[PDB]
Structures are given as C-alpha cells and as structure tokens.
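Remarks on the structure that follows.
2 protein chains.
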Amino acid sequence: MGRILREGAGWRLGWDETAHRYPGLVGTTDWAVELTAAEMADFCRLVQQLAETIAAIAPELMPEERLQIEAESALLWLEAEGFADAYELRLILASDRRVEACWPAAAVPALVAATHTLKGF
Amino acid sequence: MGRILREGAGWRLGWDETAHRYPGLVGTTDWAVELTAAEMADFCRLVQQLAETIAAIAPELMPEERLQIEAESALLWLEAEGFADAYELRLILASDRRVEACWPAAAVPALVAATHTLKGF
C-alpha cells in the first residue's frame, strides 16, 4: 500500500509508505496531524473497536443517557461521546509533540469506513 | 511568566514555563497542538505582524478582492485569508510531528489579543 489520501465532508485520512518517520495523517477539513506507523495502526484498531462496541448497542428511539466510551494504547487515547446514532470522536496523542483532535458526529462514520481502506497492518 | 491557560469562544493559548521541550499550546475549542518555545515566539510575532498589516489596510464598505497574506519563519508558516474585518488564520508547523491548524474568523481577534498577554520573549 503506497500513497493514498482519502477525504470527505469534514475528514481526511492519509498514508505515505515512503515517509521515514511520519507516514500517517488524520484530520478534519481544517486541522490535520501526522502520525507514526505504530500510532496509525493503533488509531485504526481503536477507532474500529469503539465503532463496533457502539454498533452492537441495541437501538432505542430516545436513550436516557449519553454514551461515553474510551479505548487507549501506550501511544494514544480515543473517546466516543454522544449517542449510538450520532457520536463525537476525540483523540489525544501521548508521545513527542502531543495533539488533541476532535471529529464532529457528522464526520465520524466516513472516517471509520476510511480506516478499513488501510487493509495492511 | 509561569503557567497560564487563556481561552475563549473557539480558541486556546497556553504557556507552561516548567515544560522541558513543549511549553506552548495553541488550539481551537476542539483541537490543540503543543509548541516549542522557539515556535511560540514565532507564532506570536508572525500572528501580530499579520494582524497589524491587515489593520493598516484602509477600510472599505465592500472590498472587491478577498485578502491572502502570509508570513513564515524556519519553524512555521501562517496565512490570513478573507477580508480585513473577518479573516481566517491557518498555521502549518515545519518540524518534528507536523500539524495543520485553522481558526475561523470569529475566533481570530481574541486569539491575537491573547498572544500579547505573553509579554516575555
């Protein structure tokens, strides 16, 4: 898997095999942050894990509580917050230059789908 | 100047003297990125430079062209785009983990004012 930039309404996911240290990229339309291979692997794994936990929640016309689920590794921390049919995703990187990121509910499903298009790792 | 976090509607600016490598912070309400001292010094200087160029433009009820001005150093690149009374600010860091950032026009004046409250450098 060579050099792909994916993008949509409010999100970006990129990968460059040739990059010596920072081959990954995640972002909204307006912000973006570079990631190491280890972090991009973790980003996908944990984003997909959270999405799947949430999708496994039985549906409800109007749930009483907002959901707040988190998954983390040594390299990053992720949090879903909102409702099963509309939740935000927050990211905080642990290493080197730290960055805090956030995707509105509107953008999340396309981003999650985008992470499956990195079929290596 | 010790440990200050400033924040307002759509922006954050922070400084921690005690931090060994990344004492600076700039962000919107939802995204944030850490900066080295050299980069925070550059961020302020260049943001204030752009703001002042723009404020020195004679006013017009409805200008024919959108403005696009940039200032850069070895460490970062900044760009104002829009109109003198309402312009966006974009940032791209050059070193280490690179980050692309952007502040909507609404947030810019308070952020610019915030950079003057780092009266050392």
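Going down the list, the protein sequences come from chains A and A'. A prime marks a further copy of an entry chain.
Taking the deposited numbering, I'd label the letters of the first sequence as residues 1 to 121.
Taking the deposited numbering, I'd label the letters of the second sequence as residues 1 to 121.
Ideal Cβ positions, reconstructed from N, Cα and C, are used throughout, including at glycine.
Rounded C-beta distance between residue i and residue j? I'm assuming under 8 Å.
i                : j               : result
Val99 (chain A') : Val33 (chain A) : 5 Å
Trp103 (chain A) : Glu88 (chain A) : 7 Å
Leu5 (chain A)   : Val47 (chain A) : Their Cβ separation, rounded to whole angstroms, is 18 Å, which puts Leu5 (chain A) and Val47 (chain A) out of contact at 8 Å.
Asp42 (chain A)  : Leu13 (chain A) : Between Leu13 (chain A) and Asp42 (chain A) the Cβ distance is about 14 Å, and since that is not below 8 Å, they are no contact.
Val112 (chain A) : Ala51 (chain A) : 5 Å
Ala19 (chain A)  : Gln49 (chain A) : That pair is no contact at about 25 Å.
Hey, could you find the ends of the alpha helix (DSSP H) residue i is sitting in?
i               : result
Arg21 (chain A) : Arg21 (chain A) -> no alpha helix (DSSP H), and no H or E assigned at all.
Mind checking which residues open and close the beta strand (DSSP E) that includes residue i?
i                 : result
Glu72 (chain A')  : 67 to 72
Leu46 (chain A')  : Looking at the DSSP string, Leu46 (chain A') is not in any beta strand (DSSP E); the run it does join, the alpha helix (DSSP H), is 37 to 55.
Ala101 (chain A') : 99 to 103
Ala86 (chain A')  : 86 to 93
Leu76 (chain A')  : 76 to 83
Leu118 (chain A)  : Where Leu118 (chain A) is concerned, there is no enclosing beta strand (DSSP E), given that its DSSP letter is neither H nor E.
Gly8 (chain A')   : 3 to 8
Could you tell me whether the Cβ atoms of residue i and residue j are closer together than 9 Å?
i                 : j                 : result
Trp11 (chain A)   : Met40 (chain A)   : no
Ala74 (chain A')  : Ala106 (chain A') : no
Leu91 (chain A')  : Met1 (chain A')   : no
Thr29 (chain A)   : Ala9 (chain A)    : yes
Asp85 (chain A)   : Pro59 (chain A)   : yes
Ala101 (chain A') : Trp31 (chain A)   : yes
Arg45 (chain A')  : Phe121 (chain A') : yes
Give, in chain order, every residue of the region 96 to 110 of chain A' whose Cβ lies closer than 7 Å to some Cβ of chain A.
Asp96, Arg97, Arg98, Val99, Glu100, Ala101, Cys102
Mind listing which residues of the region 16 to 34 of chain A have their C-beta closer than 8 Å to chain A''s C-betas, in chain order?
Within the region 16 to 34 of chain A, the residues whose Cβ lies closer than 8 Å to some Cβ of chain A' are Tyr22, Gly27, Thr28, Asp30, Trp31, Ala32, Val33, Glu34, listed in chain order.
Is the region 59 to 67 of chain A touching the region 12 to 32 of chain A in the sense that three or more CB pairs, one from each, lie closer than 8 Å?
In the pairwise beta carbon analysis, the region 12 to 32 of chain A is classified as not touching the region 59 to 67 of chain A: fewer than three pairs are separated by under 8 Å.
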